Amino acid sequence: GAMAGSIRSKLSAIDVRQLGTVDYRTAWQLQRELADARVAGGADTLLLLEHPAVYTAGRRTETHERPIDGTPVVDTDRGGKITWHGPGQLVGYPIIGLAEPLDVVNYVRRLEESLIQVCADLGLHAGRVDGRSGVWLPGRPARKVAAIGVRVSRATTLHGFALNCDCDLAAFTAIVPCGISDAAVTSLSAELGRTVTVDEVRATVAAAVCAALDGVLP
């Protein structure tokens, strides 16, 4: 099915870089540098990092979705509307050459599957809500544990995902996150009733992403 096989143009090992806390702009610059290196024939890369607290807005963000307290926002070129990154949220930036003709939806679906599996491996039952990319726990309201916002340029991916581990969720209350006003944002820690850190899930996230891209998630 759609998840089988590989989305990649080259079957070489992904270079996984476990970074620390990296300013949003600095990381964005590195993403672009790595993407150019990939087009020049270099490796596929997966950056895993945390950002200092920041709101970011893709082009589709609407004015009323911005912080109700006037907090500044970084405009960014990924898909999606507004989100927040900060301590305790694991941000992943897969910088991957995709096979052409492109299937960006399938790429997003593979990132979702990777994070669904990470949740499953912790004993949680997460999945998709069609039309609302990312990873959700069912409920009324439904609870979003991971966000996705990507862009593909020159058949190479940019941006990625963000998995809420033990971050303070209060930042999400000041915005309309990803254009959604009828739901909620959660974290692994809130769902499991214990602190689940970024560092505890770094390795399993890396493994899951790399497996999903090549169709070999368990």
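Counting begins at 1, following the sequence as shown.
Just going by the entry, 157-165 versus 25-33 on mean CA temperature factor gives the higher value to 25-33. Of the two stretches examined, 207-215 and 1-9, the record assigns the greater average C-alpha temperature factor to 1-9. Per the deposited coordinates, the residue with the largest Cα temperature factor out of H51, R151, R38, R66 is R38.
When the C-alpha B factors of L192, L47, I175, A57 are read from the deposited coordinates, the top value falls at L192. Looking at the C-alpha B-factors along this chain, the one for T76 belongs to the highest third. Remark: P138 belongs to the highest third of its chain, ranked by C-alpha B-factor as recorded.
In this PDB entry, the Cα temperature factor of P87 sits in the middle third of its chain's modelled residues. When all modelled residues of the chain are sorted by CA temperature factor, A146 is found within the lowest third.
Among the modelled residues of its chain, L122 has a C-alpha B-factor that falls in the highest third, as given in the PDB entry.
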